[PDB]
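Read on for two forms of one protein chain; each stands alone as structure tokens, with the labels structure 1 and structure 2.
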Structure 1
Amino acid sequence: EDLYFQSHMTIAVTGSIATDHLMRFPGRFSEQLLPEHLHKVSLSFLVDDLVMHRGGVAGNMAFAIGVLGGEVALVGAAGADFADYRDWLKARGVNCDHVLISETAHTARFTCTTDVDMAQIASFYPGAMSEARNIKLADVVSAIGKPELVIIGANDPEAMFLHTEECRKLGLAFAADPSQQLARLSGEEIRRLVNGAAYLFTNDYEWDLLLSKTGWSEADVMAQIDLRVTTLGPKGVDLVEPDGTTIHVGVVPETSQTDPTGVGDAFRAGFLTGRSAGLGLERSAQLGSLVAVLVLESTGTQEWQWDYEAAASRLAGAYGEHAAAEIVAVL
């Protein structure tokens, strides 16, 4: 129980800040991946496209919360080049005061290849991200008050745990969102990010990976968190309570599958924005699913637009008139 003043109703987004290089492979990764050679892959994809966009899970989530009108602070480490990216985020209402700017290292670089089925294979070079372990959430809280929620996104692995530990000692609600880092983190490293989480967000592959590496059963996890949110690709999203009462929300149907980078980030930002505005779980995931498909339909993670009238119409189309009106009249 923390006695410091409430920031109300700020979300602090911790996680990576990067430049994304996105490329397309005009074939199927699946069609390359012989089950008997998966022991030691040797894969090389000739790509037909290369474009650069602003990225990082924390930049992506902060951007979307800001577009949706939310109060949001971005907390992460970037290189000296961050000034321009800061202007882009500030233009959508993102508070960038607490971004650590490295004196010597470069903003992180994500290099990603997407195939015809929206499968993705990517590397992430941390650069200045590694200095996120030097950021103190206590100093952020000192300046802006207690956030209603701290999102713990993929980050410098040590920073992910330090931030989570700080939330636990400061009594801040947090969302465990280790998604993009699950590959790098040991089972021990994953296990220590989970206990006491207000929300755990993953996709279903990531959920299997988590359980696979933690040695946990679903029951072991559900006993430690307030809510599991597991996106299911074209099958929508499951929201599961410790009970486990399950609410399911199907996707908003896409007009294209352009580029799936940042779709999870957008779902999380829309959903949490919904939750912050007092919408229930079903309605929050419906708003999330819309921001998600808007990202899927654009190239890059922050290259989507927010048209209030177009949103209501689409929400109506997929979820009906009640959902649409409840959502739009919360924004």
Structure 2
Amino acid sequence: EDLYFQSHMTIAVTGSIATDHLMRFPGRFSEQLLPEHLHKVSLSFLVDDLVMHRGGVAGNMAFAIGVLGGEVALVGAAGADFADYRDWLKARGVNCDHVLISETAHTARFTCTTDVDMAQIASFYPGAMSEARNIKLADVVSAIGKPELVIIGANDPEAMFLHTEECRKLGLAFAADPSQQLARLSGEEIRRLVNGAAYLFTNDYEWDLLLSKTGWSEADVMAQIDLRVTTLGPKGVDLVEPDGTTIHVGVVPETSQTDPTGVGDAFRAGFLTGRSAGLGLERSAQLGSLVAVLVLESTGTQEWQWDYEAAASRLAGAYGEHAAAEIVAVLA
């Protein structure tokens, strides 16, 4: 039990750890599908490109916090094949001591093949992700002390519930960050994820969906959480406090819409890194908005670069020189 050497500002990121394997088929899938007998297909596609991206929401968020110089621990389940991904993350300052490594299953994987007309054939292999339910946050606390925040990201549904319950039991501040799981969890399951959250993150459609499925009003939710953070795509972000105060921050203008994948994760990482560095709500949202645009301008989710001077200049363009100065003061 670590009593004398506890961590000072650690964000523990729970959620999915996966990779994405993306292949291109130069022709049309319809060429083999049209003559096919659909009750027992035999389809074989000669592809001409393979791209592999490191991912999972927890991997993406931990990567970004690490790159930005935050203190971060990745807490999710992966397979033995996680080894190279572990080295990648450690090189960016991510503590991976509390990643559970399955004895039997491989790291989760999304595989997608896309044809010339944008038809798609995909698979989802959850693998080791299902073992995240076996992770004990109590073990993290024993090792490094209470984290400053535990992010409850999209994951094995049971793990999301168990992690939330354990944060309540242990008295750990948590962020409810269910993102895409809102479109698959029941109202009952979603209601279990919310009470006591320091932060609730969603996009605007997901916010509406949360209210619809839970049967809760906005007021019912606000009475249970310390801050609602709702991203609005090109319209920016709303930060809504339970006192009825709203802070709205616009986006950092992009130079390309290269790939929206991982942008939400990047916003959350930048925002929470700002919060852990002592920035207020507005400044933290400004930082999150910069990290979001860097990811938007990059193919994949962890394939973006961090350049300090470019960040300062772009923050100044979007938000003025004073805001930029205050943000970069806590960065390097």
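Rigid core (definition): largest C-alpha set, two forms, superposition within 1.5 Å. Throughout, residue numbering runs from 1 along the sequence of structure 1.
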query	finding
Displaced position between structure 1 and structure 2, chosen from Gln257, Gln224, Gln120, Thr214 (C-alpha, 2 Å or more, rigid core)	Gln120
Threshold 2 Å Cα movement between structure 1 and structure 2 for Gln305, core superposed	no
Flag for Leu22, CA shift 2 Å or larger between structure 1 and structure 2 after aligning core	yes
Core superposition between structure 1 and structure 2, C-alpha change of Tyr199 at least 2 Å	no
Rigid-core-superposed Cα shift at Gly76 between structure 1 and structure 2, Å	0.3
Rigid-core-fitted C-alpha displacement of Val51 between structure 1 and structure 2 (angstrom)	2.8
Rigid-core-fitted C-alpha displacement of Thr111 between structure 1 and structure 2 (angstrom)	4.8
